[PDB]
**Q** 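Handing you a structure now.
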Amino acid sequence: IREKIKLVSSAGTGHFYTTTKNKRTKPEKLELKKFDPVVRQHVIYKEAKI
Amino acid sequence: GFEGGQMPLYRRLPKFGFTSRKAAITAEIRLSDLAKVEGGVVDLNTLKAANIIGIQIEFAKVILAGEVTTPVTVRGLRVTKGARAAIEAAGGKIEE
Amino acid sequence: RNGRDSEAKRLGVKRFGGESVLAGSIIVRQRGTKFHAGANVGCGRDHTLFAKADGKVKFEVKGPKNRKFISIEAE
RNA sequence: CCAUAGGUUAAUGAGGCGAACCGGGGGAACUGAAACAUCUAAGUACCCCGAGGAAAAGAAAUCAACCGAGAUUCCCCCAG
RNA sequence: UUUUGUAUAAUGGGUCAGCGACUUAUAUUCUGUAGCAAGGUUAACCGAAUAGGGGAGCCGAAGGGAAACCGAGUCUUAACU
RNA sequence: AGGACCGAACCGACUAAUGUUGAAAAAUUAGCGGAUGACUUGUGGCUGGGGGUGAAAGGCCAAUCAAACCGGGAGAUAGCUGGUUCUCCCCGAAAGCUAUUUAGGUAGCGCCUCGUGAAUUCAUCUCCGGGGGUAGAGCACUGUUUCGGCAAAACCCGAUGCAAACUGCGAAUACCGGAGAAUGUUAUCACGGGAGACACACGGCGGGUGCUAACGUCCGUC
RNA sequence: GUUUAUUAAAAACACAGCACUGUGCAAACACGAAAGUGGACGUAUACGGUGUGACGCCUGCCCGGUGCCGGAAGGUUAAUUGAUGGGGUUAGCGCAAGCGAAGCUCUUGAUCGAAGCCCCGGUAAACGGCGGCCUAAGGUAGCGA
RNA sequence: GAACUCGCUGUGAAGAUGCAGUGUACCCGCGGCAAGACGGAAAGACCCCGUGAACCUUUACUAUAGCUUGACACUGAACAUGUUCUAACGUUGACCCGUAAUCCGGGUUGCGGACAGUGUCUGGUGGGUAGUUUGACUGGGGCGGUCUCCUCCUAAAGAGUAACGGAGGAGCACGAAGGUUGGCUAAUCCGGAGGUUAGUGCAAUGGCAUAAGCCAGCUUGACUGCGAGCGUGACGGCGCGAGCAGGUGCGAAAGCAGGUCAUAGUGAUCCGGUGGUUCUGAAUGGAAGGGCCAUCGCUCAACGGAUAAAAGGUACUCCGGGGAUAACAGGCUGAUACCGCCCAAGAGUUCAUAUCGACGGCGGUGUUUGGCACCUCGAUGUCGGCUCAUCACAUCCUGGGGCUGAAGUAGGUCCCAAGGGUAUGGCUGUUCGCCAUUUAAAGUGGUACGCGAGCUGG
RNA sequence: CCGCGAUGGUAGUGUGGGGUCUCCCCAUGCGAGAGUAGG
Ligand SMILES: CCC[C@@H]1C[C@@H](C(=O)N[C@@H]([C@H]2O[C@H](SC)[C@H](O)[C@@H](O)[C@H]2O)[C@@H](C)O)N(C)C1
Ligand SMILES: [K+]
Ligand SMILES: [K+]
Ligand SMILES: [K+]
Ligand SMILES: [K+]
Ligand SMILES: [K+]
Ligand SMILES: [K+]
Ligand SMILES: [K+]
Ligand SMILES: [K+]
Ligand SMILES: [K+]
Ligand SMILES: [K+]
Ligand SMILES: [K+]
Ligand SMILES: [K+]
Ligand SMILES: [K+]
Ligand SMILES: [K+]
Ligand SMILES: [K+]
Ligand SMILES: [K+]
Ligand SMILES: [K+]
Ligand SMILES: [K+]
Ligand SMILES: [K+]
Ligand SMILES: [K+]
Ligand SMILES: [K+]
Ligand SMILES: [K+]
Ligand SMILES: [K+]
Ligand SMILES: [K+]
Ligand SMILES: [K+]
Ligand SMILES: [K+]
Ligand SMILES: [K+]
Ligand SMILES: [K+]
Ligand SMILES: [K+]
Ligand SMILES: [K+]
Ligand SMILES: [K+]
Ligand SMILES: [K+]
Ligand SMILES: [K+]
Ligand SMILES: [K+]
Ligand SMILES: [Mg+2]
Ligand SMILES: [Mg+2]
Ligand SMILES: [Mg+2]
Ligand SMILES: [Mg+2]
Ligand SMILES: [Mg+2]
Ligand SMILES: [Mg+2]
Ligand SMILES: [Mg+2]
Ligand SMILES: [Mg+2]
Ligand SMILES: [Mg+2]
Ligand SMILES: [Mg+2]
Ligand SMILES: [Mg+2]
Ligand SMILES: [Mg+2]
Ligand SMILES: [Mg+2]
Ligand SMILES: [Mg+2]
Ligand SMILES: [Mg+2]
Ligand SMILES: [Mg+2]
Ligand SMILES: [Mg+2]
Ligand SMILES: [Mg+2]
Ligand SMILES: [Mg+2]
Ligand SMILES: [Mg+2]
Ligand SMILES: [Mg+2]
Ligand SMILES: [Mg+2]
Ligand SMILES: [Mg+2]
Ligand SMILES: [Mg+2]
Ligand SMILES: [Mg+2]
Ligand SMILES: [Mg+2]
Ligand SMILES: [Mg+2]
Ligand SMILES: [Mg+2]
Ligand SMILES: [Mg+2]
Ligand SMILES: [Mg+2]
Ligand SMILES: [Mg+2]
Ligand SMILES: [Mg+2]
Ligand SMILES: [Mg+2]
Ligand SMILES: [Mg+2]
Ligand SMILES: [Mg+2]
Ligand SMILES: [Mg+2]
Ligand SMILES: [Mg+2]
Ligand SMILES: [Mg+2]
Ligand SMILES: [Mg+2]
Ligand SMILES: [Mg+2]
Ligand SMILES: [Mg+2]
Ligand SMILES: [Mg+2]
Ligand SMILES: [Mg+2]
Ligand SMILES: [Mg+2]
Ligand SMILES: [Mg+2]
Ligand SMILES: [Mg+2]
Ligand SMILES: [Mg+2]
Ligand SMILES: [Mg+2]
Ligand SMILES: [Mg+2]
Ligand SMILES: [Mg+2]
Ligand SMILES: [Mg+2]
Ligand SMILES: [Mg+2]
Ligand SMILES: [Mg+2]
Ligand SMILES: [Mg+2]
Ligand SMILES: [Mg+2]
Ligand SMILES: [Mg+2]
Ligand SMILES: [Mg+2]
Ligand SMILES: [Mg+2]
Ligand SMILES: [Mg+2]
Ligand SMILES: [Mg+2]
Ligand SMILES: [Mg+2]
Ligand SMILES: [Mg+2]
Ligand SMILES: [Mg+2]
Ligand SMILES: [Mg+2]
Ligand SMILES: [Mg+2]
Ligand SMILES: [Mg+2]
Ligand SMILES: [Mg+2]
Ligand SMILES: [Mg+2]
Ligand SMILES: [Mg+2]
Ligand SMILES: [Mg+2]
Ligand SMILES: [Mg+2]
Ligand SMILES: [Mg+2]
Ligand SMILES: [Mg+2]
Ligand SMILES: [Mg+2]
Ligand SMILES: [Mg+2]
Ligand SMILES: [Mg+2]
Ligand SMILES: [Mg+2]
Ligand SMILES: [Mg+2]
Ligand SMILES: [Mg+2]
Ligand SMILES: [Mg+2]
Ligand SMILES: [Mg+2]
Ligand SMILES: [Mg+2]
Ligand SMILES: [Mg+2]
Ligand SMILES: [Mg+2]
Ligand SMILES: [Mg+2]
Ligand SMILES: [Mg+2]
Ligand SMILES: [Mg+2]
Ligand SMILES: [Mg+2]
């Protein structure tokens, strides 16, 4: 029932993490500061489709 | 490779890589080969004439392997940093 | 309705008292802290105790609760 | 209707046989895949037609790689 | 012979004579042995030639990397304690 | 008149006995059915193999039929069964684990052998350092149990037992490590050439299962 | 009457009779890559297929399932056609980044599109079914250890 | 196979001419009989196994002849967005000729007519036909159950350890239920007692107060690259991990943080999709395609995953095998069965013991139902009857005897006793049983449930 | 640092041997737990 999602870098590098989410309970977009290894900085990552 | 029906090693492991066509037409030359050419100029054609490299070789690199004990002109070959030092120390020269 | 079991996990003491170990070496695999980490011993996420220095394994019973601690005496 | 079909005669040739090789028309399955259907066996076995002392192929609308080679056939490599 | 195990009431053989089952080719690896040795060896073919010629090739003397590429290093990684 | 009746020839084949290395690879003997019919018989002809023909039994198609016979593909394939031929010397298994359309097959590992290399490498004993939760024991815990007392018969207390999935205790042994001697044809480990084996059996000890039944069955260990 | 030549002769097969169904003749159907041939030198009072099995009295209810027959509005749907969008290439335009006509080209797949199926009916001497609230309908006549 | 080829009781791959012990036995024919040589015959037909076969079935799978649909072709002309036309094409209508010809062709004519029909393509239908699949474990097979992962016990105090052994769980959840800093401590009973007897996101075990339990604030370390060393695996793999570099959160800082108390929450490879990319780019520049990095698609659950794609029947059967494995009989066993005994509740007017023996206890036999799978699958014929038997005694009759609730007659019960004896019929394949009628009685068992190289064949 | 305990006996048990072998016994080595005196 938890669905796979991409977290996509806001730095425009195309780097992404993957995780899961319960979209029924939590329909709002997951946003987290995560390390982008391309630019080598912590930047905001935002949910997108897998 | 048959293992009794268990997925065999050469199928449970993934394929990898590709084969380079450029690698097949690239050779390595040892320092010990530099004296074997006729006339003290080392290029693709003189290496081919001396049977050091095959006729379809288009690219060649001189590496630090064996010794060079004579002045040699190397023309139109890549040379390693160590091979360059060895050739120049023996009174040779390298031409791009 | 029975007929099931899980794979045995090879828990227990890997290096006994007085054994010389290199740093990183696993001393005990366990479920929870049946043994506790003393001097120069770390505790992994699965409660594995491992050596953080080269030396000899030492078991000891200390504290008010009278708990089994494992330490490394550095060589 | 002209004619053409058709008819008769003459001349010339063919026909049938033969072990392999050769070109062409058709063309399996067992088997292997540890089952089996894609795949394999194999364009093999076999059937059929045709030829010759050989046959077939053959004188680039071919390769190559900016250098060049120069019809076809066969052998050794390239290379499992 | 087959079996955990056969005097076995498990199998096979009436007897004799003759015949009757790990081969051959090619590739590949290891061992022994011989030659030559940072080299070794030629294939087809030519040659009346077991000679001699023929070194086209093949293996070896360098590796690392998927590869470009670098090279006694190289790959990994922005970079290695 | 009649797929009418009784009954020979003729055509069949219901019963019994015989025969069963027969007189005979289907008969003989005594009886039995049809006997002008959907009858029977001579000669010749036609139908051909996934095909024929069949008042249908998978019947028959040359003593052959749920796919004829002959030749070919062909030495199909056979994880199955059988068999495998002279001599001596040295070493010497396994019947286990893991996986498997796997279970009587096979693969890696274990165990055998040959070669090469290498440490006081290995074993026994003694001493030293260790972790145990088994045997036994016990009843605080988790359950179970009996008696008395006490009392909302609970609870609590005293007394008594029981436990593979109970432990406020806890051996012997075994195992890991260290040190030391003696002994042992390196007995050890690694790498490489060649395997076989992966149906085990009984006996002792510790157990599950079964009835502390089985020359039973399933593990551990000798 | 027929049958398992060679262990079964029968209650099995066939049968006259009955019914359903196909078939308008270059018939259906069958043998045949085909030409043709059988059906038949027959023509629906005929021919094929299927089931039942003289005769007598009879042959009930169920069309939901599967088949067959009829329907044909609607949904769905093939080849075909190639609208539209996206990309590759490059004449150019750009100082460079890039952009980018025509052509060629890779891809996308609008529109068109029959039968079938879904769908709407019929049909049991079609295959079949024929109750303890439920079903398509609950076994009639006759018969019954 | 060779034989100098006896009985018995044991033994023993478990039913012995050949072994042990013992008994008996002069050497050799002939006629007879079939109890044994697990006699001869046929590599068991039953049964199981083999990733064997054949043929048969079907709403198994995949195909396919046939049938059927449309598009384009052969295929044309006038408007309609209707029909008509003739010239392609059809004619198994007529007539004429080749011609001595119910073939064929040509001609003339009628009819039909761009229809029909055929080719290519295409949807449907298609056991009519074809190739195949249709798992394994299993105290025989089948049916049922099971197949991967986690926890406990079995498990013999290191690890590991089997069974169709005993018990339960998983195929997730959570941007907080993660990180850090600070703060807090339960169940239950009546503010106090009590001390984790609660709690853990979910099984069980081992943990947890320094709490891992619980609350709040601030957060994204549920970081990226690596990794000394170690654990665990045949391997593929899986696990634990200080520390190093970069960048981060919390905290005052020390420090802590590479998800969660830990141990389940899973799927190799191939093929392909998406994004990225100092790689590759078949003349060259590009591109396509490939590589590399990130990621996606399996109840492939038969969970090391034969295929993208699969069910059955065979008594019409067939081959290779197995006593590795079932049906008969033997063997081991003796739960069950049958027989005997111990105790004595009681019944029996009274009285436990004439007779019966509750609750319980102990044996014997091999004797029923079974268990096991040791012998036999290169065959050990299997029920009943008939014929012919032979032994045991737990005795049915006849013989001897004790007790009696034995007056007699006739019984009951127990002991001794195996010499001899121990029904015919109706019904049914029956053994048995019921029935009729006998008898002194119509015994119970063993003998391959005696006896098919003796008969029968229900 | 982390709030009991002898002695003796008993249970168990390694090795070897034995029996009437579901369980024991003997030789030798190891030797609890509980409880008792006591602290
Ligand atoms: C419950 C049955 C048990 C099996 C019976 C026996 C067997 O197979 N017998 C054969 C016999 O066939 C013939 S008798 C007609 C032969 O003559 C005879 O020797 C013999 O082979 C047949 C009856 O099946 N087996 C060994 C065990
Ligand atoms: K360790
Ligand atoms: K095939
Ligand atoms: K195979
Ligand atoms: K056997
Ligand atoms: K036999
Ligand atoms: K060799
Ligand atoms: K050599
Ligand atoms: K390095
Ligand atoms: K045939
Ligand atoms: K193996
Ligand atoms: K070896
Ligand atoms: K044992
Ligand atoms: K008859
Ligand atoms: K209907
Ligand atoms: K363009
Ligand atoms: K004797
Ligand atoms: K006899
Ligand atoms: K005409
Ligand atoms: K037409
Ligand atoms: K079993
Ligand atoms: K059994
Ligand atoms: K860090
Ligand atoms: K499997
Ligand atoms: K089948
Ligand atoms: K028997
Ligand atoms: K008795
Ligand atoms: K009395
Ligand atoms: K048998
Ligand atoms: K008798
Ligand atoms: K008496
Ligand atoms: K008697
Ligand atoms: K009989
Ligand atoms: K016999
Ligand atoms: K006889
Ligand atoms: Mg050369
Ligand atoms: Mg286990
Ligand atoms: Mg476990
Ligand atoms: Mg195969
Ligand atoms: Mg000639
Ligand atoms: Mg020619
Ligand atoms: Mg030129
Ligand atoms: Mg056996
Ligand atoms: Mg013996
Ligand atoms: Mg004998
Ligand atoms: Mg024998
Ligand atoms: Mg045999
Ligand atoms: Mg024999
Ligand atoms: Mg290299
Ligand atoms: Mg008559
Ligand atoms: Mg007849
Ligand atoms: Mg007669
Ligand atoms: Mg008559
Ligand atoms: Mg008559
Ligand atoms: Mg039949
Ligand atoms: Mg015949
Ligand atoms: Mg066939
Ligand atoms: Mg062949
Ligand atoms: Mg053969
Ligand atoms: Mg020896
Ligand atoms: Mg496994
Ligand atoms: Mg105990
Ligand atoms: Mg216990
Ligand atoms: Mg030691
Ligand atoms: Mg095996
Ligand atoms: Mg085994
Ligand atoms: Mg076994
Ligand atoms: Mg065993
Ligand atoms: Mg035992
Ligand atoms: Mg046994
Ligand atoms: Mg036993
Ligand atoms: Mg008759
Ligand atoms: Mg017959
Ligand atoms: Mg007969
Ligand atoms: Mg006709
Ligand atoms: Mg009928
Ligand atoms: Mg339509
Ligand atoms: Mg009706
Ligand atoms: Mg009625
Ligand atoms: Mg005997
Ligand atoms: Mg005689
Ligand atoms: Mg006789
Ligand atoms: Mg016999
Ligand atoms: Mg056999
Ligand atoms: Mg048409
Ligand atoms: Mg079909
Ligand atoms: Mg079929
Ligand atoms: Mg096949
Ligand atoms: Mg098959
Ligand atoms: Mg099976
Ligand atoms: Mg253990
Ligand atoms: Mg142990
Ligand atoms: Mg083991
Ligand atoms: Mg085992
Ligand atoms: Mg198990
Ligand atoms: Mg390392
Ligand atoms: Mg593919
Ligand atoms: Mg290019
Ligand atoms: Mg090109
Ligand atoms: Mg790409
Ligand atoms: Mg598996
Ligand atoms: Mg598999
Ligand atoms: Mg057979
Ligand atoms: Mg057996
Ligand atoms: Mg038996
Ligand atoms: Mg009495
Ligand atoms: Mg009683
Ligand atoms: Mg028995
Ligand atoms: Mg057994
Ligand atoms: Mg036997
Ligand atoms: Mg025997
Ligand atoms: Mg025999
Ligand atoms: Mg007596
Ligand atoms: Mg007598
Ligand atoms: Mg007597
Ligand atoms: Mg007397
Ligand atoms: Mg009677
Ligand atoms: Mg008998
Ligand atoms: Mg008897
Ligand atoms: Mg007999
Ligand atoms: Mg009979
Ligand atoms: Mg003491
Ligand atoms: Mg004590």
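Below, chain A is the first sequence line, B the second, and so on; all start at residue 1. Every heavy atom of this structure was used, including side-chain atoms; hydrogens, water molecules and symmetry mates were not.
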**Q** In whole angstrom, give the distance that lies between atom NZ of A/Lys34 and atom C1' of H/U224.
**A** 10 Å
**Q** Give the rounded distance in Å between these two atoms: CG of B/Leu9 and P of F/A107.
**A** 16 Å
**Q** To the nearest Å, how far apart are B/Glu28 CD and E/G63 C1'?
**A** 8 Å
**Q** Find the distance C/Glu7:CD to H/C152:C1' and express it as a whole number of Å.
**A** 16 Å
**Q** Watson-Crick or G-U wobble, both distances under 3.5 Å: is that what F/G184 and F/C122 have going on?
**A** yes
**Q** On RNA chain F, nearest-nucleotide positions of B/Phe2 versus C/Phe59: which is more 5'?
**A** B/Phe2
**Q** In whole Å, what separates the P atom of G/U84 from that of G/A102?
**A** 13 Å
**Q** Quick one: the side chain of B/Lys61 and the base of E/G71, do they pair up donor-acceptor inside 3.5 Å?
**A** yes
**Q** If a pair means Watson-Crick or G-U wobble with both distances below 3.5 Å, are H/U355 and H/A347 one?
**A** yes
**Q** Can any side-chain N or O of C/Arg29 pair as donor or acceptor with the backbone N or O of C/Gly12 at less than 3.5 Å?
**A** no
**Q** Do H/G131 and H/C61 meet the pairing test, Watson-Crick or G-U wobble with both distances under 3.5 Å?
**A** yes
**Q** What pucker, north or south, follows for F/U102 from the sign of the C1'-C2'-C3'-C4' torsion?
**A** north
**Q** Find which nucleotide of RNA chain F each of C/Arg15 and C/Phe35 is nearest to by heavy atoms, and output the residue with the more 5' nucleotide.
**A** C/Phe35
**Q** Watson-Crick or G-U wobble, both distances under 3.5 angstrom: are H/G128 and H/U64 paired?
**A** yes
**Q** Expressed in angstrom and rounded to an integer, what is the separation of B/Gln56 atom CD from D/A79 atom P?
**A** 10 Å
**Q** Using centres closer than 5.5 angstrom and planes tilted less than 30 degrees as the test, would you call H/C8 and H/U9 a stacked pair?
**A** yes
**Q** Using the P atom in both, what is the distance from H/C172 to H/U219, to the nearest Å?
**A** 35 Å
**Q** Within the distance-only criterion (no hydrogens, no angle test), does the side chain of C/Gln30 pair as donor or acceptor with the backbone N or O of C/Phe35 below 3.5 angstrom?
**A** yes
**Q** So, are H/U146 and H/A136 sitting in a Watson-Crick or G-U wobble pair, both contacts under 3.5 Å?
**A** yes
**Q** So does C/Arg10 reach the base of H/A159 with its side chain, donor to acceptor, closer than 3.5 Å?
**A** no
**Q** Using whole Å, report how far CD of C/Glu19 lies from P of H/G229.
**A** 19 Å
**Q** Between B/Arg78 and E/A68, is there a side-chain N or O to OP1/OP2 distance below 4.0 Å?
**A** no
**Q** Any N or O donor-acceptor pair linking the side chain of B/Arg12 to the base of H/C235 at under 3.5 Å?
**A** yes
**Q** When only distance counts, do a donor and an acceptor, one from the side chain of B/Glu3 and one from the base of H/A234, lie under 3.5 Å apart?
**A** no
**Q** Would H/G76 and H/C85 count as a Watson-Crick or G-U wobble pair, both distances under 3.5 angstrom?
**A** yes
**Q** Using atom CD1 of B/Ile25 as one end and atom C1' of D/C78 as the other, report the distance to the nearest whole Å.
**A** 16 Å
**Q** Given H/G229, is OP1 or OP2 found less than 4.0 Å from the side-chain N or O atoms of C/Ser25?
**A** no
**Q** According to a strict under-4.0 Å criterion, is B/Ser20 in side-chain N/O contact with OP1 or OP2 of H/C279?
**A** no
**Q** So is H/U108 sitting in a Watson-Crick or G-U wobble pair with H/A268, both distances under 3.5 Å?
**A** no
**Q** Does H/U205 pair with H/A262 as Watson-Crick or G-U wobble, both distances under 3.5 angstrom?
**A** yes
**Q** Is any side-chain nitrogen or oxygen of A/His42 closer than 4.0 Å to OP1 or OP2 of H/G246?
**A** no
**Q** Measuring from atom CD of A/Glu31 to atom CG of A/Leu7, what distance do you get when rounded to the nearest 0.5 angstrom?
**A** 10.0 Å
**Q** Taking the same atom, P, in H/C240 and in H/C202, what whole-Å distance lies between them?
**A** 23 Å
**Q** Tell me: NZ of A/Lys26 to P of H/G175, nearest whole Å?
**A** 4 Å
**Q** Under the criteria of ring-centre distance below 5.5 Å and plane angle below 30 degrees, do D/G70 and D/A71 stack?
**A** no
**Q** Under the 5.5 Å and 30° test, is C/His47 stacked on the base of H/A212?
**A** yes
**Q** Can you check whether any acceptor in the base of H/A212 is under 3.5 Å from a donor in the side chain of C/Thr33, or vice versa?
**A** yes
**Q** Is H/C351 base-paired to H/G105, counting Watson-Crick or G-U wobble with both distances below 3.5 Å?
**A** no
**Q** Positive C1'-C2'-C3'-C4' counts as north, negative as south. Which one applies to E/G65?
**A** north
**Q** Looking at H/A294, is it paired to H/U133 in the Watson-Crick or G-U wobble sense, both distances under 3.5 Å?
**A** no
**Q** Ignoring hydrogens and angles, does a donor from either the side chain of C/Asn2 or the base of H/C164 sit under 3.5 Å from an acceptor on the other?
**A** no
**Q** Is the base of H/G168 touched by the side chain of C/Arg4 through a donor-acceptor pair closer than 3.5 angstrom?
**A** yes
